[PDB]
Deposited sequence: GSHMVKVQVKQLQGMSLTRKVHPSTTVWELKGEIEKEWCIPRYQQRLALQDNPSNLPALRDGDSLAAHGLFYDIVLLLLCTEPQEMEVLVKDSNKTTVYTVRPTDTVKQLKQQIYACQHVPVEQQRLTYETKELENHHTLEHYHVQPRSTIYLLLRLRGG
């Protein structure tokens, strides 16, 4: 019911995990993180043997057509920034942030651009509400993912 996923590094060092085909690429990067401590944001995954597409963090292996044993090559990249979509009642705005930035720093960006005071902002990621002191990587916010904005005036 589960497939074999091997993740090989440039020099051949690798890890093997029995994972369910409904597991997302982002969640798979979290499994790579608990073994080798590489942040998910600095992990680039690609198929070793590819009938040919690029892996998408939000979708599962089976959503890529990968529901069998596969071999993935791992590349480590330098710490850069990512974008995050902030969807409010009517529109969706994009912000440039670092994975190490806290929720409060992102709220101040939303307040500078959408003109909504910080204390009024209630941000939720994957149904879970964010606290202003935690970082975005603490919530495993994927690059280019969506954060939902609701306004609380009291």
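- For this chain, the deposited residues without C-alpha positions form the stretches 1-2, 53, 56, 159-160, given in sequence order.
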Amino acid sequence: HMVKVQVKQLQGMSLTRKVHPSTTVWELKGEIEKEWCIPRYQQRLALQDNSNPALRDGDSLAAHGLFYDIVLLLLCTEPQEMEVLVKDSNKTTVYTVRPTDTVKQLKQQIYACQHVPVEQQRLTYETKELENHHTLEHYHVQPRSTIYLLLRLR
From here on, numbers count along this sequence of modelled residues.
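- The question of which stretch, 84-92 or 24-32, has the higher mean Cα B factor is settled in favour of 84-92.
- Averaged over Cα atoms, the B-factor as recorded in the entry is higher for 105-113 than for the other of 36-44 and 105-113.
- Placement of the Cα temperature factor of residue 15 within the chain: lowest third of the modelled residues, per the deposited record.
- In the PDB entry, residue 64 places in the lowest third of its chain by CA B-factor.
- Per the deposited record, the Cα B-factor of residue 149 falls in the middle third when ranked against the other modelled residues of its chain.
- Annotation for residue 135: C-alpha temperature factor in the middle third relative to the rest of the modelled chain, per the entry.
- The entry lists a Cα temperature factor for residue 99 that places it in the middle third of the chain's modelled residues.
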